[PDB]
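The same protein chain appears twice below, in two forms, each given on its own as structure tokens and labelled structure 1 and structure 2.
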Structure 1
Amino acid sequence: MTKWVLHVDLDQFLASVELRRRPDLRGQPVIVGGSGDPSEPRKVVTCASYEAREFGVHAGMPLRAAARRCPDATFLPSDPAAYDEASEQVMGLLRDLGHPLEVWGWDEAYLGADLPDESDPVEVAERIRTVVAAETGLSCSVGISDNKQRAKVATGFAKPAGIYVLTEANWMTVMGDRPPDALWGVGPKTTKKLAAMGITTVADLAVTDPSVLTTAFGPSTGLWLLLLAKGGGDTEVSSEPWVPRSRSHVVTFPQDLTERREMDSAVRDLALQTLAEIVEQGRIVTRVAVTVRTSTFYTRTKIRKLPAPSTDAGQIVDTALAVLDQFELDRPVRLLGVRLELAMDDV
């Protein structure tokens, strides 16, 4: 018996969804962003089709930037209702396969297949591609390995519309020259710190003395990085309801903000908006965090724990309005954010 982990990632997801209802736009540059107006400032690309990516457009890029880089791209507004519906369909469809299925956000899922040892993980991956293509119209890629992090890395190589197998057999030969941030979990900061320790590749980190890392990163993070560099990872595909820990709404305003009357009303509204949504989900708030960001793009957040789990609107808005009070100035605030942390204990 061979335990496989398959990572299923829908290609160009938001674009592909748009493509189902604009099938004339296939093989053309399509950019999905804040409101379909590229001229609109303070807005960014949410998803760039593969054709738009050939001109350098990528998620995070301001839409003005991307229209300069790709003037013939069709810009479409974000339509979250249509993406929730596309997502639940394809997943709902992948539950119908009878393997354990772990869903990660919207596009992506992990599938646990224990295969007799007669069978072919490549074989299962194509079916998933064929059924997904045939029933939803969307295209997916599948990375295959024996643990979640390495399967995800395999998806990187499987894209677009493909399948890639990444195991102990080929991990180090495929990945050993890559910089540490190619690993899932590792970003530019860690890379930079590892660079300052003489570790500039996956292969270097894999043979790095445990002590160096556990002194530098903590006795659990240090060993985890070593695990990751050797291609290790989580191996259990948990098929259970994901329970959110928090919900949050931030907003960067069309105009910079200076007078506090606006600032208070925004954090009040964010607080209430957030709280109704979690009241709908049968959740209780534990702590209220407020975020401010200046014209600098400075950015700092503050949290306060409620005296007791609560759902009380007045007590929560006041806490949010009280935490906003601590932030120093009444500058040009670019962005205001409220996150509610939720109880994790019972229902």
Structure 2
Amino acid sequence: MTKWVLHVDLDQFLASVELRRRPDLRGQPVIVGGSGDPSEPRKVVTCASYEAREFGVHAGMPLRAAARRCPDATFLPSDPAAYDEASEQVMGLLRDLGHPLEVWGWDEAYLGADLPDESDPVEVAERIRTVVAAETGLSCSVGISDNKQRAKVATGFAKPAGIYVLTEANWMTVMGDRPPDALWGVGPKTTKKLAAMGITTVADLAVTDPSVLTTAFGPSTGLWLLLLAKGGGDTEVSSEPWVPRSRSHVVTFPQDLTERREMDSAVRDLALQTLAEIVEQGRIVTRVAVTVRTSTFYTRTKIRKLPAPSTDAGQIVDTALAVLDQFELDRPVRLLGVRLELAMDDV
């Protein structure tokens, strides 16, 4: 037997959900992102359809920028409620296959399938794509491996509307020449730092001396980079439901704030909104964090612990406002955030 980890990922997820209720839009660049007004600054693309990516639009691109790259695009506001519902539908199908299923956010999931050696895991992936496409009309892609990060890499190669198997046998064949940020968990910064010490590919990283990595990145991350390069990863698929460690809301204002009372009032409001939401989820706050980002994109966060876990509005607002007040302010403010850390014990 083999413990396959299958990674299921919805294709161009938000655009697909839109397209599914808008046939007038097929074969057209559709871009999802922020009220649907491409002229608004400080708002980004959240999901570009494939047709739009052909113009170099991508998630995280400002709306103004996407409009410049793709002037004929149809821009639609983000409908979270339609997406939650489209996601739950896809999860229920995936969970109904009988395997352990570990759901991450709207779009993705790990399925664990312990299979006898004669059985092709590609058969389960084929079952998944069929059922998802037939019941929901969404297309997904499936990456197959024996750990999560490697399955996750496989899904990139399966894109779009396909299945790709990546194992110990072809791992290095396939990955060896690629830069390190091809690895899940390795982004641009690590790639840059690695290149500066002359490690420029997955193959290089995979044979780097452990001391070199642990000195440069830390005793755990250094060993982890080396495991990642060798094609290893997390391997247990848990069906246990995720319990959030925190909840948060941030706002980027249309115009930089300069008036203290305005800053006070946004932090109050975000503290209150987050608190109402956590209470509804039956949770209790332990710590309150405030984030301030200035016009220059300097972003600092302070945090204070409550004297006892609490849910009390007056206290949480008062704490968020005292934390705000520890920042040197006045200097124009681009963004304010409140994050509430939550009691892990009990609930």
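Structure 1 provides the reference sequence; residues are numbered from 1 along it. Rigid core: the largest C-alpha set superposing within 1.5 Å between the two forms.
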query = residue 215: how far does its C-alpha move between structure 1 and structure 2, core aligned, in angstrom?
reply = 2.5
remark   = Students should find the CA displacement of residue 102 between structure 1 and structure 2, rigid core aligned, in Å, to be 0.3
query = Core superposed, what is the CA shift for residue 308 between structure 1 and structure 2, in angstrom?
reply = 1.3
